[PDB]
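Report on the following structure.
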There are 2 protein chains.
Amino acid sequence: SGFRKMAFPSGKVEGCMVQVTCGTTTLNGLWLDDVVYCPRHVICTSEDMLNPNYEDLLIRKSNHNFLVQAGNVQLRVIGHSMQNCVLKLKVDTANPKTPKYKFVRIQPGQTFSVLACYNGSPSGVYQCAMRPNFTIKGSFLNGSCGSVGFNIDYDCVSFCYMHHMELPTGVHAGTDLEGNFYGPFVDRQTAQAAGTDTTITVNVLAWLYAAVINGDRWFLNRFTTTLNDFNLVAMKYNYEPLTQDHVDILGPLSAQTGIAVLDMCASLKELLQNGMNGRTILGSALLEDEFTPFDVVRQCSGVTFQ
Amino acid sequence: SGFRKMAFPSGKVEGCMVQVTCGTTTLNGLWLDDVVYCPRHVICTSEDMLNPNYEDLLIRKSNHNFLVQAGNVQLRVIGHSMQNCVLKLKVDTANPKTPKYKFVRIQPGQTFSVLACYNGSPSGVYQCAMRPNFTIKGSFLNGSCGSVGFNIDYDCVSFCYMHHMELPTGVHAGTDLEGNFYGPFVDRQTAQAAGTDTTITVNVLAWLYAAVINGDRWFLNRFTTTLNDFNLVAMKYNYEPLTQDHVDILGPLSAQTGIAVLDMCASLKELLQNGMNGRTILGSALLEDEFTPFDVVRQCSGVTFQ
């Protein structure tokens with residue numbers, strides 16, 4: 001029993017973290033096979049970041065200008081190229097601890113683990129979710145750029161995020177492993193606005209199901225509702241609209257508890273209108289939306305991974 | 001910026017997890033050097049657990065009755081002994097991935113990372129705290145016994161917890177790596193009561209400091225207070241009493257924010273008496289007490305570890 005924000009084991013990713021240095025800027029890189037991936041703004045100085053012309057800045061850089069370091073041993077750069085917002089540094093030695101990996105672009109509402117790194121060394125692990133406004137609520141300090149977000153599926157590592165920048169309200173933005181940003185953000189030191197942050201309704205319902213599995217059932221009322229009626233209430237509270245696909249996804253949880261999805265929606269409707277009156281759910285006084293239905297099944301069944 | 005429940009990187013511990021089988025009971029073991037540690041109730045059947053006589057049950061077991069398995073390869077048991085509530089199985093092969101480790105008995109209010117395992121395979125990582133009633137609010141299913149709690153200090157792993165049992169109200173109990181339980185619990189399938197759970201005041205203050213570092217300052221009022229006056233209010237709300245040692249420990253955080261500890265206590269006093277009125281602190285509608293002052297410094301300075 002119990003429920004916690006659980007992260008994936010970081011062992012397979014710790015061996016791929018290296019340190020990339022260009023001039024005085026030092027950040028983290030992802031060493032897979034004989035290629036190292038890192039944010040392209042490592043070639044920028046403190047002044048270039050205000051209005052960087054990455055093409056022109058790359059003209060004045062050569063292979064020997066990149067210092068890649070894995071522990072006390074450094075890698076020799078024999079080729080560099082820019083793919084969108086990431087730099088691909090070709091090194092002479094292939095990573096012997098390379099796991100079976102993929103590159104995936106993950107959708108909003110999905111979750112992943114973040115291995116926060118500094119100077120190529122893993123510092124900590126935590127779980128995040130891609131917000132609907134294409135930002136994440138992570139924990140990053142200076143020098144954390146190049147840290148990667150990942151998922152583990154059996155024995156494969158699915159890389160989906162690389163940290164690039166911090167927004168002036170404290171949230172974080174980045175790219176996939178192909179250099180494409182999540183959202184309309186650019187790697188420029190300029191004022192950039194993030195859109196409205198809405199609540200992932202399907203994730204709230206999955207979390208409410210986890211509470212029912214773990215004892216908390218005070219929020220369960222008598223009423224039921226319809227998709228159209230619940231969604232009309234959800235739009236006033238900036239909640240994502242529920243679809244029949246979301247209902248099928250919640251299938252495992254509804255069958256485990258014996259509570260239909262529409263019945264749980266009516267319970268969520270009362271919580272949105274009347275609040276919680278001081279009662280907690282799974283040790284939380286707010287509605288948690290950073291557990292996917294898949295994460296709840298994992299914690300309430302016990303999938304292992306190698 | 002940002003703040004999240006961050007766990008330590010689990011790479012060094014994943015290589016020490018094995019699977020221990022005795023009869024039909026299968027659980028996790030900690031493989032360090034040529035010794036495997038696991039909860040002693042692996043020798044119990046479903047019936048023995050009601051009133052186990054561990055000495056008598058161990059008389060009928062021999063070395064070849066223990067199946068230790070590390071992946072697809074199994075270890076041969078050449079010696080077994082019982083130290084308090086853990087079994088020490090001596091194996092023929094030493095773990096080649098053995099990290100530099102310690103065994104520590106950790107104090108209440110301190111935190112650690114848990115690598116939840118099933119059948120010897122790491123499933124997930126999360127951060128816990130030793131509650132003052134010597135229980136933890138973890139996330140464990142059947143077969144999770146033998147999972148270990150640990151801390152990383154530079155390059156050393158400090159093992160401090162091994163999961164043994166679940167309490168009838170959903171909290172979890174276990175031992176240190178020397179077999180001694182935390183709290184007055186025994187490894188018996190019988191009704192066992194946990195004491196009153198109080199709030200770790202020094203951890204709440206550290207969390208309030210992290211909020212001030214990250215923008216949230218609405219709770220900061222005009223008043224100050226004294227240790228005796230704050231502690232009189234803390235005893236009504238089941239809070240741990242603050243000492244001068246706690247004030248010295250919060251030294252780094254008070255100097256970073258310019259807010260004296262006694263000033264922060266007066267702000268916590270108003271929150272205990274008047275509530276939060278619907279406002280959130282660091283994305284939480286309750287007072288968080290599972291961040292030690294050391295964990296906050298780590299997240300707000302960026303210590304790395306190898």
Side-chain angles (χ1 to χ4, degrees), chain A residues 5-8 10 13 27-28 30 37-39 41 84-86 103-118 122-152 157-187 192-204 207 238 240 286-292 294-295, chain B residues 1-7 125-127 210 214-216 280 282-284 299-300 302:
Chain A
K5 284 185 182 289
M6 186 169 312
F8 291 97
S10 57
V13 193
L27 54 80
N28 304 283
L30 180 69
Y37 307 80
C38 75
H41 69 256
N84 302 300
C85 293
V86 297
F103 289 162
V104 298
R105 196 171 166 86
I106 202 163
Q107 288 263 309
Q110 294 181 267
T111 51
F112 54 98
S113 292
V114 168
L115 177 67
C117 292
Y118 299 91
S123 169
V125 193
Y126 53 89
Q127 186 95 330
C128 294
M130 188 54 83
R131 306 304 308 174
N133 68 345
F134 293 112
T135 72
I136 76 175
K137 304 206 204 98
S139 181
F140 291 113
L141 287 167
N142 207 24
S144 73
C145 286
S147 304
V148 302
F150 65 98
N151 286 298
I152 300 194
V157 181
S158 286
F159 292 102
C160 62
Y161 179 81
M162 172 170 283
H163 185 238
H164 281 246
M165 72 197 295
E166 181 171 80
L167 291 194
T169 54
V171 286
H172 304 108
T175 77
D176 55 24
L177 268 298
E178 287 183 322
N180 293 297
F181 266 75
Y182 292 100
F185 305 108
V186 294
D187 46 358
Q192 292 183 64
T196 316
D197 194 17
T198 58
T199 315
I200 312 152
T201 309
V202 65
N203 283 15
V204 172
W207 181 66
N238 282 338
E240 289 290 335
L286 55 77
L287 293 168
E288 188 61 63
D289 77 328
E290 292 202 352
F291 290 99
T292 76
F294 311 75
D295 305 331
Chain B
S1 76
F3 210 69
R4 282 214 173 247
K5 284 185 182 289
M6 186 169 312
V125 193
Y126 53 89
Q127 186 95 330
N214 276 264
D216 288 3
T280 64
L282 273 182
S284 172
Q299 270 209 61
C300 303

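Order of the sequence lines sets the chain letters (A, B, ...), proteins ahead of strands, with each chain counted from 1. Just so you know, these numbers use all the heavy atoms, side chains as well, and skip hydrogens, waters and symmetry mates.
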Student check: side-chain heavy atoms of A:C145 and A:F140 closer than 4.5 Å: no
Exercise: identify the closest heavy-atom pair between B:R4 and A:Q127: NH1-O, 3.4 Å
Validation row: A:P39, A:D187 side chains within 4.5 angstrom (heavy atoms): no
Residue pair A:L286 / B:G283: nearest heavy atoms and the distance that separates them: CD2-O, 3.2 Å
Residues forming a side-chain contact (heavy atoms from CB on, under 4.5 Å) with A:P108, sequence neighbours excluded: A:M130, A:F134
Distance (rounded to the nearest 0.5 Å) between A:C128 SG and A:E290 CD: 6.5 Å
Contact check, side chains of A:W207 and A:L287, non-hydrogen atoms, under 4.5 Å: yes
Nearest-0.5 Å distance that lies between atom CE in A:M162 and atom CG in A:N28: 8.5 Å
Distance in Å, A:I106 CD1 paired with A:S158 OG, rounded so as to fall on 0.5 Å steps: 8.0 Å
With A:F294 via ring-ring contact (aromatic ring centres under 6.0 Å, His included) - residues at least two apart: none
Stacked cation flag A:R105 on A:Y182, 6.0 angstrom / 45 deg: yes
For the student: nearest non-hydrogen atoms of A:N151 and A:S113, plus distance: OD1-N, 4.5 Å
Residues which pass side chain to side chain donor-acceptor pair (under 3.5 Å) with A:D295, listed by chain and number, not counting sequence neighbours: A:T111, A:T292, A:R298
Stepwise side-chain contact (heavy atoms from CB on, under 4.5 Å) test for A:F112 and A:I136: CA-CA 10 Å; A:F112 54 98; A:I136 76 175; 4.0 Å; yes
Within-4.5 Å side-chain heavy-atom neighbours: A:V86 and A:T175: yes
A:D289 (side chain) donor-acceptor with A:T199 (main chain) under 3.5 angstrom: no
Minimum-distance pair of heavy atoms, taken over all atoms of A:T196 and A:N238: CG2-ND2, 4.4 Å
Side chain A:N133, main chain A:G195, donor-acceptor under 3.5 Å: yes
Any residue meeting ring-ring contact (aromatic ring centres under 6.0 Å, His included) with A:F181, in chain and number order, not counting sequence neighbours: A:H164
Parallel, tilted or perpendicular, as decided by the 30° and 60° cut-offs, for the rings of A:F150 and A:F159: tilted
For A:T201, side chain to side chain donor-acceptor pair (under 3.5 Å) partners two or more places apart: none
Short side-chain to backbone donor-acceptor contact, A:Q192 and A:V186, under 3.5 Å: yes
Test side-chain contact (heavy atoms from CB on, under 4.5 Å) applied to A:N203 and A:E288, step by step: CA-CA 8 Å; A:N203 283 15; A:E288 188 61 63; over 6 Å; no
Donor-acceptor contact present, side-chain A:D176 to main-chain A:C160, <3.5 Å: no
4.5 Å side-chain heavy-atom contact, A:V114 and A:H163: no
B:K5 charged N/C atom sitting above A:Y126 aromatic ring, 6.0 Å / 45°: no
Residue pair A:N180 / A:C85, side-chain heavy-atom distance below 4.5 Å: no
Verdict with reasoning, A:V13 to A:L115, per side-chain contact (heavy atoms from CB on, under 4.5 Å): CA-CA 8 Å; A:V13 193; A:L115 177 67; 4.0 Å; yes
Shortest non-hydrogen separation from A:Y118 to A:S123 and the atoms involved: CD1-CB, 3.7 Å
Test side chain to side chain donor-acceptor pair (under 3.5 Å) applied to A:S147 - qualifying residues, sequence neighbours left out: none
Pairwise distance OG(B:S284) to CZ(B:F3) - rounded to 0.5 angstrom: 11.5 Å
Donor-acceptor contact present, side-chain A:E166 to main-chain B:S1, <3.5 Å: yes
Heavy-atom closest contact (A:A173 atom, A:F185 atom, distance): CB-CD1, 3.8 Å
